[PDB]
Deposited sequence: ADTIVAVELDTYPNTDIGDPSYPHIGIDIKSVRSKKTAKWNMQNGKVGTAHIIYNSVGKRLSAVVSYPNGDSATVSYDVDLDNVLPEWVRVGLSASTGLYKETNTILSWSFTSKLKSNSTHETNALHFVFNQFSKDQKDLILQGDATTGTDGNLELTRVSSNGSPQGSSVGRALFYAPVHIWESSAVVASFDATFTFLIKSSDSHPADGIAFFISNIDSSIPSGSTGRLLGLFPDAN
C-alpha cells in the first residue's frame, strides 16, 4: 500500500472508525484514524484556508484551518516524518464524498519544501483547465472557473456522492535527505466546501505520499481518497 501522511479536513464524523463525533481536522500518519484531531466548524459555502507546517527540527506536524470570520481549528502532532515518509514523495490534495456529499473545491494551493539549500515551491492561485503540473487522479478536475474540483460536481453545480479525487504536484519532492540539517515543508490551500445535503461529507486532505501513490480502490467516503481501509 501507499505511504500516507495527511492533514484531513474531515467534514463527516465516522465515529465507527475513530472519528470524533464532530467534523474535525486531523493529522493522519499512515492511517485514516487520525493520530490527533481538533473539532472543526466547517462553514458551509465559505472559503476556508488550511496551513500545514512541518520541520525536521521541531518534528511537529501542524495545521490550522480558518475561515474569514476568524474561526479556526488547529491540530499538531509530534512526529518524525523522516521515519515515516520515503525520501522522495509527491504531495497532493485529496477529497471524497460518499453517501453524503459536498463540493471539495480548491481555489488555491501552495507548497514549499526545503532541505537546508534545495527547495521546491509552487503556488496555484488559479487552476487552468489544462493544469499540466498537476497529476489529477480519480474524479479531480480543473478549468474553467480557476478552481480544482477534487470530487465530481455536475454541470448544474451540485456535488456528487461516492466521488473521490486527488491532485498531486507533478514533480516528486525530495522531502528529507540525510545530510540536511533542516527539512521543512509548508502547505496552504483554500477551499470551498458547500453542501445542501443533510450533512456534508467527506472532506479534503493535504497529503504526502510515495511518488507513485494512486487513489486506493474503494477510498470514497470515509477514506478520503487516501487509504485502502479504515485501520
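Peer 1: Got a list of the deposited-sequence ranges with no coordinates?
Peer 2: No coordinates exist for the deposited residues in 117-122, so this stretch alone is absent from the model.
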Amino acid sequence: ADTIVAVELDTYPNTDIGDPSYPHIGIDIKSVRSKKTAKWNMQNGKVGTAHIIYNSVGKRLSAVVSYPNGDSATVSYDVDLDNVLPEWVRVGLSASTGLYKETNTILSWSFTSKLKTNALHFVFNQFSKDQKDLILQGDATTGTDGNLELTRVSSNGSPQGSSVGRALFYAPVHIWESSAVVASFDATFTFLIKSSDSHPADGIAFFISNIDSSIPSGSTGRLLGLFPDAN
From here on, numbers count along this sequence of modelled residues.
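Peer 1: Which of the two stretches, 45-53 or 30-38, shows the higher mean Cα temperature factor in the record?
Peer 2: Between 30-38 and 45-53, it is 30-38 that shows the higher mean C-alpha B-factor.
Peer 1: Determine, for stretches 138-146 and 99-107, which one has the higher mean CA B-factor as deposited.
Peer 2: Comparing averages over the C-alpha atoms only gives 138-146.
Peer 1: Taking the values straight from the PDB record, which of 93, 120, 153, 89 has the highest C-alpha temperature factor?
Peer 2: Going by the entry's C-alpha B-factors, 153 comes out highest.
Peer 1: Tell me which of 173, 64, 180, 193 tops the list for C-alpha B factor in the record.
Peer 2: Top of the list by C-alpha B-factor: 180.
Peer 1: When the modelled residues of the chain are sorted by Cα temperature factor, does residue 200 land in the lowest, middle or highest third?
Peer 2: Middle third - that is where residue 200 ends up once the chain's C-alpha B-factors are sorted.
Peer 1: Please place residue 4 in the lowest, middle or highest third of its chain by C-alpha B factor as given in the entry.
Peer 2: Middle third, going by the recorded CA B-factors of the chain.
Peer 1: Lowest, middle or highest third: where is residue 70 by C-alpha B factor in its chain?
Peer 2: Ranked within chain, residue 70 CA B lands in the highest tercile.
Peer 1: Residue 17: which third of its chain by C-alpha temperature factor?
Peer 2: Tercile = highest for this residue's CA B-factor.
Peer 1: Check where residue 112 lands among this chain's C-alpha B-factors and tell me if it's the lowest, middle or highest third.
Peer 2: Lowest third.
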